[PDB]
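> Quick one: the structure is below, questions incoming.
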There are 4 protein chains.
Amino acid sequence: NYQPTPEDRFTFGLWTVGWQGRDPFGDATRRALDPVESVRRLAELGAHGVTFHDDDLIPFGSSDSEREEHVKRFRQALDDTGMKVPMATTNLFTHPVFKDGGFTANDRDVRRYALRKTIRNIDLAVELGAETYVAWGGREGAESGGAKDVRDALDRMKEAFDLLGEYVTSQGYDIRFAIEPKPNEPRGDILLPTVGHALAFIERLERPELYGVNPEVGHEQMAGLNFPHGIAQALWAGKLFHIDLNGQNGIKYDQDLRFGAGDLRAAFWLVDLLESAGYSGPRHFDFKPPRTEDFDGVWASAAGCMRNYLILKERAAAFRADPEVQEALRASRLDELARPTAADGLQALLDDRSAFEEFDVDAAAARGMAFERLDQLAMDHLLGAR
Amino acid sequence: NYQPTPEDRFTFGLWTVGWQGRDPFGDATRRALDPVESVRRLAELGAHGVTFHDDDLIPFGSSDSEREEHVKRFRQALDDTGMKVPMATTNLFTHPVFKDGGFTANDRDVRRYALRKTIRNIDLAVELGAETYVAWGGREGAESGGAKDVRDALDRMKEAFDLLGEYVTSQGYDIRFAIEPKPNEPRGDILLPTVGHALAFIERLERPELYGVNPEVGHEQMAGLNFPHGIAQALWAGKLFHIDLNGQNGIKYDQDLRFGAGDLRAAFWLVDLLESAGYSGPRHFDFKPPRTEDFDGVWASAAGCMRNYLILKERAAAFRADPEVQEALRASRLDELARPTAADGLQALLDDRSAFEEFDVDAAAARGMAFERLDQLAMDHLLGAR
Amino acid sequence: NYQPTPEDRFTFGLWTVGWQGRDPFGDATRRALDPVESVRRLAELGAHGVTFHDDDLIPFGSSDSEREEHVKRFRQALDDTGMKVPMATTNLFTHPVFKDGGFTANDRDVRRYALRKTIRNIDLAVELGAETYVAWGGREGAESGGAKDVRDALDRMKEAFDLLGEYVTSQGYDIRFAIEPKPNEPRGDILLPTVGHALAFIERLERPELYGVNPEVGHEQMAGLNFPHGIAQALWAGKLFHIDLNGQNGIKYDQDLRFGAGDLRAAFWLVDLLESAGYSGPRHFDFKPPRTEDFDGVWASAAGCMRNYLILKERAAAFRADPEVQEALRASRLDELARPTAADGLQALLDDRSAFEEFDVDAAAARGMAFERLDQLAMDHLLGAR
Amino acid sequence: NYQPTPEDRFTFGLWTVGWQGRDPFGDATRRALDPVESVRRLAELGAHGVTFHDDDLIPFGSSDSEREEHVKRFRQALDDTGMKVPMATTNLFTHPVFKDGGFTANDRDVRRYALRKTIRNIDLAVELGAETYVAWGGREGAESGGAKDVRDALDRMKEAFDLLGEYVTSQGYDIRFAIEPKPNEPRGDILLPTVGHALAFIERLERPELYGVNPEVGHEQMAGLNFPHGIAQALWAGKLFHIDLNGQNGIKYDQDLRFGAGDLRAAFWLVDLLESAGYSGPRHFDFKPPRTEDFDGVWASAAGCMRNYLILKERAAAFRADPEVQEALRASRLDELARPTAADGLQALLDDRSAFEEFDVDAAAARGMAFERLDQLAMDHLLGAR
Ligand SMILES: OC[C@H]1O[C@H](O)[C@H](O)[C@@H](O)[C@@H]1O
Ligand SMILES: OC[C@H]1O[C@H](O)[C@H](O)[C@@H](O)[C@@H]1O
Ligand SMILES: OC[C@H]1O[C@H](O)[C@H](O)[C@@H](O)[C@@H]1O
Ligand SMILES: OC[C@H]1O[C@H](O)[C@H](O)[C@@H](O)[C@@H]1O
Ligand SMILES: [Mg+2]
Ligand SMILES: [Mg+2]
Ligand SMILES: [Mg+2]
Ligand SMILES: [Mg+2]
Ligand SMILES: [Mg+2]
Ligand SMILES: [Mg+2]
Ligand SMILES: [Mg+2]
Ligand SMILES: [Mg+2]
Ligand SMILES: [Mg+2]
Ligand SMILES: [Mg+2]
Ligand SMILES: [Mg+2]
Ligand SMILES: [Mg+2]
């Protein structure tokens, strides 16, 4: 079993299966892929769609006429395969002009160029049917303390996103923005380094309803944070617009392993949350097939992303459906966590002698939470020992 | 030089110099301090004031009459010394009843008790003149994925803070709340683990203007994050209500070293930011004298906190005042970062051929940022080699 | 299935199920256990044996006569249950006298006391039949750079272990020593912080054959290291004398979760290695039932340790036995890794034009390693999807 | 002041100032440097010498005749400047053929090629006068557990180093080997990941006296370890043959900042140790000028490396020479740490009732260590406040 179909909404970036394997210490180990061949191969594996940076699809520097030819060939492969394009993004990190950032570069003329390069691709994204436009400010940041006044940089970041929201509103486009946090790499520290920082920043934009987050498994784990907790907070705020799925082994460089590798139990709890909460966006894989692999390994790695999601989906569903787990959840008072603390209101709480004066603190303290039995039931389900 | 006076607004928690040195592997190495003696000794060192948890000042379980005696003796030492109490907080972590949290415990009766214990201390804090009430949800969190539904927990957390804001508004108190994030320890993962997560959560409260953050140097460094960057974002949002100063050597257990130890360059850039931005709140030290020390070492460690702040203040001021640094800041285009990207507006930007069609991307890319020369000037200033 | 029996050699420290739940921020949540009751309960769960620190079994300060009574009652419970005692250790960390270390304390009289306290327990360990004596130098280390000259400290550490080896040799005891590394906590940095540092240090002892390592899953993961790789290096050196099994979620305080929690894939590869290499020592759990739990949760957590080991043992065995995995291992050239690079010798290698002058570097470079297919077969086996 | 001269023995790799700024997310920002121009510029700054990989000096694939021309031009620049070449190394990581390692690649023919490529450069290194040959096994490792049997890989690693020792012995060369550890990047985990693992491995080689370590500041800090402690252990073992100096901000990708940046207090304690212990090898900088910089920034960054070493040398010397620090060191019993624990021997220790039966454990426990006063004196010296 565990066969994906387009209805599972699995998507991949062109830059994922197309990563040629150049890393900071080594040359490329694979030839470049034509975007048309990636679309065709991914469709055969059961993917729903692809995503792109402007510069993945149109080589930097292309003339308007080469640009039209590149888009036309791409559109033909989408039509031939039934593949969709649900998200697009801008490359504001590879070209040397962006070495100190795009939206927050110290040079004003670079910031203006960054905005114009972005706006050009938003038009293209809308034409291809994308619903989400992602921004990853990978060069926005610093290696040293005096290089960047962060309050001024956040003013420039707000200014840029405000202008993009003005642009989409005045064009009447039906597209929303998602900010993708990352704590470091390639800059020593990156601005808006976690889900939380990005959520807080969105609330200071002029039109906050147009902006959400695009969290990545590996990025929050590069700060040692619990990725399902961060996703829960994004869902609670109503801001999970898109998600990047992959694997990471702890606090180190961004590995972008296939989804399911890295922290397997966190992948289980993530899938449990996304499915329980009814997340209906794309399940997007931002991963790199390791540079040890040839092209057969690339497609095996991509297939593995989808397979692991579907296995974990089955295990999480079996967990939540198990009557014994339902009993254990009540034993651990998960039902009580969902009930208001004081629906009776402040005055009733202040007048309630059972909440303080007569509260038996020692009897409450002696109650075990039964969390270890619950967690072993979850382990047994994950391993198929139930 | 480097002598503190009460005008520098240095404050200390009772639990800092009073830490008896019990750690998870060892017994206490120091006897308990009477709060009155800590107030007297800190005043002699030049401190401005002290802070407290309810249970530092009034032993848990005290009768209303013992409670009055404890507060009266404390007030007498404040009157005798001129020491202030600018901040107070609640202990919702030591007693076993709080083993699964206070505001987000799964048991509803514990959550109600947590709120009543808090409200009782807010009254006391106002009576002693505190302007900020800190909340550190050290037990709010989980060791395993099924133990805590985080969306329900955030509902309970919002409910608790909303009720506290209703309480202070209806009493007419002039006190604000500050949430203190920490990513982990003593729970495996703690809810609202960073400055950013706390800032985002505040924007969903019913009266957000009453709530800010109380960031701690060491806590953001336990996630590998840049503490001055996080403080800059808190200042940008207008939410830096209080701060906890200490030192930490990287990603490990919360060390709470004296301020200046740990990451010294980050301490320099923090002081530079606080002084430049005109932060006028207390400079509060949340630190633990190591359990190797006797009481003479306790007071040396506390004195060192203040000394290091004043040395770094002098060095940061000399840095910003140095004409050569002013020249270097312009060389690195810090002045241009502070200028709007597009004060001319969206349409002018779209019509500006110098922002895209005629932009010379190769010439812009060749401009060096001169950040390494600027950073060596900052190093020279820090080390007193300028 | 997955029922342990004494033949699986699962052992537990008295301090594990007996941890009362005191952490740096909270009081104990469980009453103390009598060592006799822990022995009885563990035997009912299928354990093979228990381990102890001197101070777990004999309260610190006991008279020689109380000491005999404590040992006699303990021996009676071992006789009644059939439980063995394969390992023992000394507590050189809890008492305040050890605040700057035992073997490497700066005070010479403390170092002498530490040695005498150790020697007294080696006699007891031999009397109870222990084959391994573990040393965990949890207080050997420093919070600041000038407090400890590390070369002098390593001289003192070598001196102490040399004297212990002289003691066991002159008494004719059949016991070996195992050093347990940990990188930090409770000291800011601990001497011999990893498996590698401990292995290197052993080679400078006077009788290296008497000393090996006792690595702990969570400790190597507190440095972000790969625990199965470190165990492989300890096996390669012939020095894996004992092992501590538990779980840890990344780089943070020492969590001591039950085995199987934390990094589940690393637990799978660890079990694969131990079973393949024929490790025949005790499978020892050094874990803490979380302080959320009552005593029913303690025993569930302990049972879970053993269960997870036996599930992973089954999955790793099914992986290695699967013909398709055998085919994939050959596809990835694991067979070639096991063959000597140059059994023909140096001169033949220098004369072999196919190794350099005529080596087709581009054809070799194009060969994919097929590691992603192999790793997905391992995932499928772990999850029971094969 | 703080002007370097060739007598300070500062050296730089050709690949450091010559790094073109290509990172995993971006193109090069600087043109390639001719090795002859780097030698000339470094000599003007006061450097002592340069180091190289084979492929930095001779482009991969060069004919024997182009090879001679490249070496001749290089030798002429050394003669013209007086620059020395104290260390050389092999590039076994950039070419795609090395994607699964050099000495421990699964393919046997790649391992043989790796050895031949190394041996060819050892001859060249000896001809240029290098005394140390460094090996950094950056590709030796794995992203997944089944890809590499680590015991077989360590057999292949021992085999390769044994063959290199046979080669240098039979040629009569006066060159020693130094292994450079790194825990990860570019492989997910790298074999011999820390100083300790490398020291332990050397003791299993056939001729251990020919092998030492070349530790790098940033690499040990990528595992959160204390770099001066690791250097002390390497000095204690007599194995510090060479050192790589740079800066790193905590646990993240390898930043290779200029020396003095990153953890400044650790740089102070490192310099204190190297100078106190009389390390007489090269002070080698393995650093990357950030890709924000133009060539003027490159040379400023290199100059900063040397400047910061000389400032810290002055501060550490003033610390050790200060009578008040000498008094504090005795107060903290550093003198007693240097005295044998039991020069009187085992029997005398066992017979000494003052070591146990009559030892006053409470009085010893009450003695403070005075480490915080000592550490503030060290801070005051570092900051020039003494
Ligand atoms: O912006 C989309 C993608 O851009 C870059 O490739 C980043 O490395 C990746 O994290 C991000 O998701
Ligand atoms: O709530 C005030 C203090 O409470 C606890 O002591 C925490 O450990 C500390 O971080 C916090 O600042
Ligand atoms: O020495 C045996 C045990 O001692 C202490 O309890 C440590 O916390 C543990 O890691 C170690 O294994
Ligand atoms: O081998 C010498 C150098 O090789 C590589 O460039 C590594 O990145 C560096 O760490 C090492 O020191
Ligand atoms: Mg990533
Ligand atoms: Mg990414
Ligand atoms: Mg991404
Ligand atoms: Mg803290
Ligand atoms: Mg704290
Ligand atoms: Mg605090
Ligand atoms: Mg542990
Ligand atoms: Mg442990
Ligand atoms: Mg242990
Ligand atoms: Mg490096
Ligand atoms: Mg390096
Ligand atoms: Mg190096």
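Convention: chains lettered A, B, ... in structure tokens order; per-chain residue numbering from 1; ligands numbered from 1 as shown.
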Based on only C-alpha atoms, which of the residues in chain C come within 6 Å of chain A? I want them as a list in words.
residues 292, 293, 294, 297, 301, 368, 369, 370, 372, 383 and 384 of chain C
> Mind writing the picked residues with C-alpha atoms as a PDB file, in the first residue's frame?

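This went into selection-v8.pdb:
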ATOM      1  CA  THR C 292       4.530  13.951  36.413  1.00  0.00           C
ATOM      2  CA  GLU C 293       4.099  10.223  37.185  1.00  0.00           C
ATOM      3  CA  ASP C 294       2.923   8.375  40.270  1.00  0.00           C
ATOM      4  CA  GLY C 297       3.748   5.415  36.025  1.00  0.00           C
ATOM      5  CA  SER C 301       8.056   3.591  32.303  1.00  0.00           C
ATOM      6  CA  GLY C 368      25.418   6.388  -7.296  1.00  0.00           C
ATOM      7  CA  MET C 369      25.746   4.986  -3.765  1.00  0.00           C
ATOM      8  CA  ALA C 370      22.056   3.898  -3.561  1.00  0.00           C
ATOM      9  CA  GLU C 372      18.479   6.441   0.007  1.00  0.00           C
ATOM     10  CA  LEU C 383       7.751   0.973  11.059  1.00  0.00           C
ATOM     11  CA  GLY C 384       6.607  -2.584  10.289  1.00  0.00           C
TER      12      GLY C 384
END
> Give as number ranges by chain the residues surrounding ligand 3 up to a distance of 9 Å, considering only C-alpha atoms and all ligand atoms.
B: 24-25; C: 13, 15-16, 51-53, 88-93, 134-138, 179-182, 214-216, 218-219, 243-244, 254, 256, 285-287
> Would you please extract all helix (DSSP H, G or I) residues from range 80-322 of chain C, as assigned by DSSP on the backbone, and give them as a PyMOL selection string?
chain C and resi 80-81+96-98+108-128+145-147+150-171+195-202+208-210+217-221+227-236+264-276+295-321
> Mind checking DSSP for range 105-270 of chain A and telling me the strand (DSSP E) residues as a list in words?
residues 132, 133, 134, 135, 141, 142, 176, 177, 178, 179, 189, 190, 211, 212, 213, 244 and 245 of chain A
> Keeping only N, CA and C atoms, write those residues as a compact mmCIF listing (two decimals), in the first residue's frame.

# COMPACT_ATOMS: atom_id res chain seq x y z
N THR A 132 -0.37 30.77 -2.95
CA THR A 132 0.48 31.26 -1.87
C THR A 132 1.79 31.72 -2.48
N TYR A 133 2.29 32.84 -2.00
CA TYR A 133 3.59 33.33 -2.44
C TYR A 133 4.48 33.32 -1.19
N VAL A 134 5.58 32.53 -1.23
CA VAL A 134 6.44 32.38 -0.05
C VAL A 134 7.60 33.36 -0.10
N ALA A 135 7.98 33.90 1.06
CA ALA A 135 9.20 34.69 1.14
C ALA A 135 10.12 34.06 2.18
N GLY A 141 20.12 39.53 7.51
CA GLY A 141 20.76 39.09 8.76
C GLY A 141 22.17 39.67 8.83
N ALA A 142 23.06 38.98 9.54
CA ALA A 142 24.36 39.62 9.83
C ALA A 142 25.28 38.55 10.37
N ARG A 176 -1.99 35.00 -1.25
CA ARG A 176 -1.58 35.40 0.10
C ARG A 176 -0.09 35.13 0.23
N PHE A 177 0.53 35.81 1.19
CA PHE A 177 1.96 35.69 1.43
C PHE A 177 2.23 34.80 2.62
N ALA A 178 3.34 34.04 2.56
CA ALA A 178 3.75 33.23 3.71
C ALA A 178 5.24 33.48 3.93
N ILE A 179 5.60 33.82 5.16
CA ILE A 179 6.99 34.09 5.51
C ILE A 179 7.57 32.80 6.03
N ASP A 189 23.26 35.07 11.72
CA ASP A 189 21.93 35.05 12.32
C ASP A 189 21.00 35.66 11.29
N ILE A 190 19.82 35.06 11.12
CA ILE A 190 18.83 35.54 10.14
C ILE A 190 17.69 36.24 10.88
N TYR A 211 -1.02 37.81 5.34
CA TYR A 211 0.28 37.19 5.62
C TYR A 211 0.15 36.06 6.62
N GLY A 212 0.83 34.94 6.33
CA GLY A 212 0.90 33.83 7.29
C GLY A 212 2.33 33.32 7.32
N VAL A 213 2.53 32.08 7.79
CA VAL A 213 3.88 31.52 7.85
C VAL A 213 3.94 30.28 6.98
N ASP A 244 6.67 23.38 4.87
CA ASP A 244 7.77 22.71 4.20
C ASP A 244 8.16 21.49 5.01
N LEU A 245 8.08 20.30 4.41
CA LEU A 245 8.29 19.05 5.13
C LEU A 245 9.63 18.44 4.76
> Which one is closest to residue 120 in chain D: D:17, D:87, D:164, D:153? Count only C-alpha atoms.
D:164
> Using only C-alpha atoms, determine which residues lie at most 12 Å from residue 67 in chain C, disregarding the query and same-chain residues fewer than 2 positions distant; provide the list as a PyMOL selection string.
chain C and resi 54-65+69-74+120-121+124
> Here is a test: counting only C-alpha atoms and all ligand atoms, which residue of B:330, B:239, B:148, B:284 is nearest to ligand 10?
B:284
> Rank D:247, D:96, D:46, D:102 by their smallest atom-to-atom distance to residue 364 in chain C, using only C-alpha atoms, and report the top residue only.
D:96
> With only C-alpha atoms as the counted atoms, please give the residues lying no more than 10 Å from range 348-350 of chain D, apart from itself and same-chain residues fewer than 6 positions off, as a PDB file with C-alpha atoms, in the first residue's frame.

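Done, and the output landed in result-v2.pdb:
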ATOM      1  CA  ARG C 112      42.178  11.608  49.282  1.00  0.00           C
ATOM      2  CA  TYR C 113      38.719  11.244  50.846  1.00  0.00           C
ATOM      3  CA  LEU C 115      39.651   7.708  46.873  1.00  0.00           C
ATOM      4  CA  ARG C 116      38.976   6.161  50.294  1.00  0.00           C
ATOM      5  CA  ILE C 119      37.848   1.859  47.681  1.00  0.00           C
ATOM      6  CA  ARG C 120      35.367   1.052  50.471  1.00  0.00           C
ATOM      7  CA  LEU C 163      45.766   3.889  42.415  1.00  0.00           C
ATOM      8  CA  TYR C 167      44.242  -1.639  44.675  1.00  0.00           C
TER       9      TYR C 167
ATOM     10  CA  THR D 341      47.080  13.257  45.765  1.00  0.00           C
ATOM     11  CA  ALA D 342      49.007  10.363  47.270  1.00  0.00           C
ATOM     12  CA  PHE D 356      38.480   8.993  55.924  1.00  0.00           C
TER      13      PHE D 356
END
> Out of A:94, A:185, A:80, A:170, which residue has the shortest atom-to-atom distance to residue 255 in chain D when counting only C-alpha atoms?
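Under the stated criterion, the closest residue is A:185.
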